[PDB]
Each structure stands twice: as structure tokens, then as C-alpha cells.
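Here is the structure we will look at, set down as C-alpha cells.
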Amino acid sequence: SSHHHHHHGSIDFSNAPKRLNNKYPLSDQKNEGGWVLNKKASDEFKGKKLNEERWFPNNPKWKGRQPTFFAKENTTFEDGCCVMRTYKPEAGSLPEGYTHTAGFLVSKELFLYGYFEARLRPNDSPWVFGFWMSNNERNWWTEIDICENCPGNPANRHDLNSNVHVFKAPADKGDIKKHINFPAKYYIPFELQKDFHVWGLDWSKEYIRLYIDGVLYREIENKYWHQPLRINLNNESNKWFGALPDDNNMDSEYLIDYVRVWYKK
Ligand SMILES: [Ca+2]
């Protein structure tokens, strides 16, 4: 697989949609899609505390990819953002194989189709930042990686990654016995970590459509992704991105301004 090197194309932002309102998707500000805001699941992240009726404060099903262990204390709320930090606790404090901590939130709600959007300021540190959706339930396990990137590794500053996975699917839902995925990366003309950007997903029975700052950059025929999914926000380690801890570069912040969810009227 060539996706460590291959930019399929570049993404042009000269005609990118202007922000007109905070009521509809950035890629559809005039609401041609007939969207309705999901007020249960959407979060503007105001205040100083997690809404723990809406979110789990860590990941109950995954401790983390070594060497980074998900912890509740790494996620705080400041100036209208969820803020995720990375720490190195004292030696011996974490379970075997783990040396650093990162934050993780999982939605208590499950979703099937709709528009999903998050405004994100990446951490400038060698941890992947993630806004993605997944579910592992009754031997059906699928995942949509709206945003899985690590510009905090300077070699990756101009990459925009995307992927979708089927880890397993029963006979009547795709019949997948071996993990399959479909990664694709694109060139972006700015360094991803410098500013907030808006990731969008228009997920329908027919297509997965992915948007960056309102610009469509990938379309996927929706063959397999018909399973309800939870929303995940987190930092993690991943050797593939060169996303391994750096004790001299771990003081950055992953900022989530909002998560917005819409359904069809
Ligand atoms: Ca906010």
C-alpha cells in the first residue's frame, strides 16, 4: 500500500464556503439538504466541565495503543473548547507497556447516517488527533476515520488523511472475516496544526462524503457502513504516523471548539 507516500490530489480552498451561520453544516450553510440540528448530541463545549450525560469521560472499551493510555484528567474545558493534553506520569504509575496519557471522549448516543462536523485545532505534538466514529457490537465492527492525523510530526504537516474500516461483518452485512480498510491521503497547502479547521461527514446509505473547511475532498460508495456508530474524540500513539511520545514536545493542546450533528427532516 502506497498511502504513506501517495497524495491522490491536492485540495483547493480558494472557493471554500464562507461561514454564514452556526446552525447548519459548513458545506451546506443554506440548508439545501433539509437538515435539522440534533440538540441532544451536539456540543459547543462551553463552561468548565464535561457534560457527562452526553459523553463518557474516557474510552470504556479500549485502554489505548501502547505507549499512550487514555485518562479522564487529560480532558478539560476552557474558553469555549474541549482541551486535550498529553502527560508523562511518574515511572511505574501506568499499566505495563504504557508511559504517557492522553484524553478520550465517547458519545453516549449512537448514530446511523446524518451530518457530523467538528471544529478542531490540532496539537503540535507527536500524538494523532482524532474525530472519528466506530462501533464493535455482536461481531459487527466498523469505523469511519473522519479525522485521524498527526501534523505534530513535522514530516506530516501538509497531509490530510482519510480511512474507513470493516474489521468484521456477519454474512448478511458484507461477510467480512478479515480486516479491510481504504486509506487515502491528500495534499493541503497549509500546515494543518497552525489553525482551527472544520471536518465534515455527510453519511448516507449511498455515500460517505468527507469535507474539510466545507470543501468536498473524498466520496466513498457506502458498501459496508450501515452500522450505528459512536463519536470518538481523542489523542493516541501510532507508529505509522511517527506518532510516538517526545518528552521534549508534549506540552501542546488539542482543541475541540464544537461537535455538531444533524439529521434529515
Ligand atoms: Ca465552542
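Each chain in the C-alpha cells gets a letter, A, B, ..., in the order shown, and its residues are numbered from 1; ligands are numbered from 1 in order too.
Residues of protein, DNA or RNA having any atom at most 8 Å from ligand 1, counting only C-alpha atoms and all ligand atoms, are residues 43, 44, 45, 46, 79, 80, 81, 82, 256, 257 and 258 of chain A.
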Let me see the file: selected residues, N, CA, C and O atoms, as a tab-separated table (two decimals), in the first residue's frame.
```
chain	number	residue	atom	x	y	z
A	43	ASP	N	-22.51	19.58	20.84
A	43	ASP	CA	-21.86	20.18	22.00
A	43	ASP	C	-21.00	21.35	21.55
A	43	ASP	O	-20.07	21.17	20.77
A	44	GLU	N	-21.30	22.54	22.06
A	44	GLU	CA	-20.48	23.72	21.81
A	44	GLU	C	-19.32	23.84	22.80
A	44	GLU	O	-18.53	24.79	22.68
A	45	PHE	N	-19.26	22.96	23.81
A	45	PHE	CA	-18.16	22.90	24.77
A	45	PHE	C	-17.95	24.21	25.52
A	45	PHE	O	-16.82	24.66	25.75
A	46	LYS	N	-19.04	24.83	25.93
A	46	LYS	CA	-18.96	25.98	26.83
A	46	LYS	C	-18.84	25.51	28.28
A	46	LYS	O	-19.06	24.34	28.60
A	79	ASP	N	-12.45	28.32	27.72
A	79	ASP	CA	-12.64	29.34	26.68
A	79	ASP	C	-13.44	28.81	25.49
A	79	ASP	O	-13.12	29.10	24.33
A	80	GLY	N	-14.47	28.02	25.76
A	80	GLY	CA	-15.32	27.51	24.70
A	80	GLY	C	-14.79	26.30	23.98
A	80	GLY	O	-15.38	25.92	22.95
A	81	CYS	N	-13.75	25.64	24.49
A	81	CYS	CA	-13.17	24.46	23.87
A	81	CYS	C	-13.02	23.32	24.86
A	81	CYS	O	-12.71	23.53	26.04
A	82	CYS	N	-13.23	22.11	24.37
A	82	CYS	CA	-12.65	20.94	25.00
A	82	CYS	C	-11.15	20.91	24.69
A	82	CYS	O	-10.73	21.16	23.55
A	256	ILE	N	-11.03	21.24	20.73
A	256	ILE	CA	-12.27	20.93	20.02
A	256	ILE	C	-13.24	22.05	20.35
A	256	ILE	O	-13.72	22.16	21.50
A	257	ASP	N	-13.48	22.92	19.38
A	257	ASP	CA	-14.40	24.04	19.57
A	257	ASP	C	-15.85	23.54	19.67
A	257	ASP	O	-16.61	23.99	20.54
A	258	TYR	N	-16.25	22.62	18.81
A	258	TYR	CA	-17.59	22.06	18.87
A	258	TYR	C	-17.64	20.73	18.14
A	258	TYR	O	-16.78	20.42	17.31
```
For segment 203-259 of chain A versus segment 130-137 of chain A, which residues have an atom no more than 10 Å away, and what is each residue's nearest atom pair and distance in Å rounded to one decimal, using only C-alpha atoms, chain-then-number order, as CSV?
```
residue,atom,partner,partner_atom,distance
A:225,CA,A:134,CA,9.9
A:227,CA,A:135,CA,7.6
A:228,CA,A:135,CA,7.0
A:229,CA,A:134,CA,4.8
A:230,CA,A:133,CA,5.3
A:231,CA,A:133,CA,4.6
A:232,CA,A:132,CA,5.3
A:233,CA,A:131,CA,4.8
A:234,CA,A:130,CA,5.2
A:235,CA,A:130,CA,6.2
A:236,CA,A:130,CA,8.0
A:254,CA,A:130,CA,9.5
A:256,CA,A:131,CA,9.3
A:259,CA,A:131,CA,9.2
```
Per-residue DSSP, segment 33-113 of chain A, filtered to strand (DSSP E or B), as JSON, numbers by chain: {"A": [35, 36, 37, 43, 55, 56, 68, 69, 70, 75, 76, 77, 78, 81, 82, 83, 84, 87, 100, 101, 102, 104, 105, 106, 107, 111]}
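Distances to residue 239 of chain A were evaluated for A:126, A:200, A:9, A:170 using only C-alpha atoms, and the minimum falls at A:126.
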Per residue of segment 105-219 of chain A within 12 Å of segment 69-76 of chain A, note the shortest atom pair and the distance in Å to one decimal, counting only C-alpha atoms, and order the rows by chain and increasing residue number, as a Markdown table.
```
| residue | atom | partner | partner_atom | distance |
| --- | --- | --- | --- | --- |
| A:105 | CA | A:75 | CA | 8.3 |
| A:106 | CA | A:72 | CA | 11.5 |
| A:127 | CA | A:69 | CA | 11.9 |
```
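Relative to atom CA of residue 178 of chain A, atom CA of residue 129 of chain A is found at 26.2 Å.
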Picked from segment 79-245 of chain A by DSSP as helix (DSSP H, G or I), as number ranges by chain: A: 154-156, 171-173, 192-194, 239-241
